[PDB]
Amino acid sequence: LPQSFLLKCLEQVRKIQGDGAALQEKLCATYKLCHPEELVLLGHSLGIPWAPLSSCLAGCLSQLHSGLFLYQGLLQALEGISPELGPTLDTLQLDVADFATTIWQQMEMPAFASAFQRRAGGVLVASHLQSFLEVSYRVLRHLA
């Protein structure tokens, strides 16, 4: 796709990543939930879906788009995790929502039932979105 497009995608993945790192930094400072690693088995229980992209033009781009559409959903489902994290979460959601539209333009949920469920769901969705955007850049770089 054009280089202008790929650089547009980078600016965006990097903004969404700086937001995700602000979230992750709050969840660690405020709840000591600092190691996504430790929560890996809870993602089961929490029933967090996975967006596949590594083994993936338009079909791939559609997959990125779906995966983004999935993360704006999950973020929404987290209902802001706590009053103090609410702002942070809104910023990351408006941002994932933008990247989702750059992709379509170019084409042209769980129940986190508790304080603990919202927090651990928070850490894991922030971590799964990081990895996914790291994979979306490598995939787009391979399509430019």
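Don't overthink the numbering: it's just position in the shown sequence, from 1.
Please count the deposited residues lying between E108 and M109 that the model leaves without coordinates, and give the class: none, 1 to 3, 4 to 9, or 10 or more. Per the record, 10 or more deposited residues are absent between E108 and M109.
Counting only residues that lack coordinates, how big is the gap in the deposited sequence between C56 and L57? Pick none, 1 to 3, 4 to 9 or 10 or more. Missing residues, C56 to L57: 4 to 9.
Name the higher of the two by mean Cα B-factor in the PDB entry, 88-96 versus 60-68. Of 60-68 and 88-96, the stretch with the higher C-alpha B-factor average is 60-68.
Do the C-alpha atoms of 10-18 or of 132-140 have the higher average B factor in the entry? Higher mean C-alpha B-factor: 132-140.
Based on what the PDB entry reports, which of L75, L39, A113, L27 has the top C-alpha B-factor? Among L75, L39, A113, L27, the highest C-alpha B-factor in the entry belongs to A113.
Split the chain's modelled residues into thirds by Cα B-factor; is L33 in the lowest, middle or highest one? Lowest third.
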